[PDB]
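Order-wise, the sequence lines are chains B, L and Z.
Here the first sequence is numbered in full-length UniProt numbering, starting from 2 and rising by one per residue.
Here the second sequence is numbered in full-length UniProt numbering, starting from 2 and rising by one per residue.
Here the third sequence is numbered in full-length UniProt numbering, starting from 1 and rising by one per residue.
Yeah, the Cβ is synthetic: ideal placement off N, Cα and C, and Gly gets one too.
Below: the structure, in structure tokens.
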Amino acid sequence: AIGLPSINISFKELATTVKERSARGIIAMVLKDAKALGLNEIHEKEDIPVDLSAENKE
Amino acid sequence: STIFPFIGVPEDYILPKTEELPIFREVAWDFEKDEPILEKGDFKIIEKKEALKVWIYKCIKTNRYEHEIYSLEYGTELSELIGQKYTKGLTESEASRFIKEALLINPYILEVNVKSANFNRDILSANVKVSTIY
Amino acid sequence: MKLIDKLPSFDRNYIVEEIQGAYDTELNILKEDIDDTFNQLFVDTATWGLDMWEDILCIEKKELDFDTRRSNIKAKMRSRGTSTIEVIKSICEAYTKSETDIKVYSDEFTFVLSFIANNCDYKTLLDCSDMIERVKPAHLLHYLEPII
């Protein structure tokens, strides 16, 4: 629906480095976990899948 | 109380201390529910960047002249832009200036930059970069 | 319900609301106490501050009632200074809480105070008579006329 006017604030990390545009920078990592059983494209830390063993998250 | 340090300090004299701010600390706050956070049956304290985030959120969320308890410096005038009272370019300039002037009163914040600005339907989006001492 | 109105709208959570309601009740207590202390400064409204009046007027008494204390204080103020017909009438009405008419007998050296005693007790009448006897000129007779 349509509601009252409001201000929305979201916080983010400050990264001096800029992502590179070339076809380089694509890294394929293979790791053995029972839980996920799917392919994941990660562009940033925020989208790392949940309920994945922290040893793999590191 | 005897030395006269205005031309130069004596060689033997040791400066008492160097002046620095203490570690910024604040009661933790959660943003999706707008409450203070209780930890083990007591208020939870965070420090440095997260405390600065809490302070920034509170400063942006308040109006400037609305409340009698605050001074004339605290708050933000972003409520005067709702409804396209000004043109679009004037709105962008005013928003940038308002945010910078509101945030720069905290002594722990060194420089503020409002870089991006886009108009999509009735939503104005912007990117703000804050540089602190930490 | 009153202190929370001075804070921005994100402070509408339960913790802040309780913290501010406590001070609401506390400040109500403070202002009611200030009102009571102010009310103690008048003779009529004074209840627990009458002893200050006694200390001013140097009268020593055994606690009986509020009205009796107020009457004694008031009559002490009114008796001081010039003594005339109206001063005595003022004392008699301050004690009997009613209109008073005086009739004088020059030949017999007597005067009578008449008043309506439909709500006047014997003890307060005796106290009023003693006050008058202390105040009245020595050569004059005094008789009371309570009208029922």
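Neighbour flag for residue i against chain L, beta carbons, 7 Å
{"i": "residue 3(B)", "result": "no"}
{"i": "residue 6(B)", "result": "yes"}
{"i": "residue 15(Z)", "result": "yes"}
{"i": "residue 27(B)", "result": "no"}
{"i": "residue 6(Z)", "result": "yes"}
{"i": "residue 115(Z)", "result": "no"}
Sheet register partners of residue i (DSSP bridge)
{"i": "residue 127(L)", "result": "118(L)"}
{"i": "residue 48(Z)", "result": "None; residue 48(Z) has no bridge partner."}
{"i": "residue 37(L)", "result": "30(L)"}
{"i": "residue 5(B)", "result": "Paired residue(s): none; residue 5(B) is not in a bridge."}
{"i": "residue 132(L)", "result": "112(L)"}
{"i": "residue 46(L)", "result": "28(L)"}
C-beta neighbour in chain B for residue i, strict 7 Å
{"i": "residue 70(L)", "result": "no"}
{"i": "residue 54(L)", "result": "yes"}
First and last residue of the uninterrupted beta strand (DSSP E) at residue i
{"i": "residue 104(Z)", "result": "100–105"}
{"i": "residue 114(Z)", "result": "110–116"}
{"i": "residue 91(Z)", "result": "Run containing residue 91(Z): none in the beta strand (DSSP E); it sits in the alpha helix (DSSP H), 85–96."}
{"i": "residue 141(Z)", "result": "141–147"}
CB contact below 7 Å: residue i versus chain Z
{"i": "residue 101(L)", "result": "no"}
{"i": "residue 63(L)", "result": "yes"}
{"i": "residue 35(L)", "result": "yes"}
Opening and closing residue of the alpha helix (DSSP H) in which residue i lies
{"i": "residue 80(L)", "result": "First-last for residue 80(L): undefined, no H or E at that position."}
{"i": "residue 124(Z)", "result": "122–135"}
{"i": "residue 73(Z)", "result": "66–79"}
{"i": "residue 53(L)", "result": "50–62"}
{"i": "residue 99(L)", "result": "89–104"}
{"i": "residue 56(B)", "result": "55–58"}
Helix, strand or coil at residue i [DSSP, three-state]
{"i": "residue 23(Z)", "result": "helix"}
{"i": "residue 73(L)", "result": "coil"}
{"i": "residue 56(Z)", "result": "helix"}
{"i": "residue 7(L)", "result": "coil"}
{"i": "residue 17(B)", "result": "coil"}
{"i": "residue 16(Z)", "result": "helix"}
The ligand ADP heavy atom lying under 6 Å from the CB of residue i
{"i": "residue 30(Z)", "result": "For the structure depicted, the ligand ADP is absent and the ligand set is empty, with no information on it obtainable."}
message: So, does the segment 59–67 of chain L touch the segment 12–21 of chain L, judging by three or more C-beta pairs under 8 Å?
response: no
message: Would the segment 117–135 of chain Z count as touching the segment 84–99 of chain Z if we require 3 or more Cβ pairs under 8 Å?
response: yes
- prompt: So does the segment 19–29 of chain B actually touch the segment 98–116 of chain L, counting three or more Cβ pairs closer than 8 Å?
  reply: no
- request: Taking 8 Å as the threshold, find out whether the segment 57–69 of chain Z comes into contact with the segment 78–92 of chain Z through three or more Cβ pairs.
  value: no
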